[PDB]
Amino acid sequence: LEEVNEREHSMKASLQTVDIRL
Amino acid sequence: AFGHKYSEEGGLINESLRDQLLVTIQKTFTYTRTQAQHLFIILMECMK
């Protein structure tokens, strides 16, 4: 679960940057 | 926090976290581009 949380935080930051790219 | 982990040797912060900082500093903070240039100089001066 700790792995899922850290990785999901990285994914959410990447998703916000992807929204910025659009 | 993010400029402290993604820091390398202190003030040398790359360009992906300048504009990732931007969308959170545009989302949580709602800031611009050029006022963002001043706040990133203050962020690396604080980070220095």
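Neighbour counts are summed over all protein chains in view; Cβ atoms, including those assigned to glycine, are modelled from backbone coordinates with ideal geometry. The numbers here are math on the coordinates, done by the rules we state, and not lab data.
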task = Just report the Cα centroid separation between chain A and the stretch B:6-46, whole Å.
result = 18
task = For A:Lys12, go through the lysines and keep the ones whose alpha-carbon is under 24 Å away, minus same-chain ones fewer than eight residues off.
result = B:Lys5, B:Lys27
query = How much FRET efficiency would the formula 1/(1 + (r/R0)^6) give for B:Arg18 and A:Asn5, where r is the Cβ-Cβ distance and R0 is 35 Å, rounded to 0.05?
reply = 0.85
request  = May I ask for the angle, rounded to the nearest 10°, between helix B:15-27 and the longest principal axis of chain B, with both axes built from Cα atoms and the value confined to 0 to 90°?
outcome  = 40
remark   = Longest principal axis of chain B (C-alpha) makes with the long axis of helix B:34-47 (C-alpha) an angle, in degrees to the nearest 10, of 30
message = Pairs of alpha-carbon atoms within less than 8 angstrom and 6+ residues apart define the contacts here; what relative contact order does chain B have, in percent?
response = 47
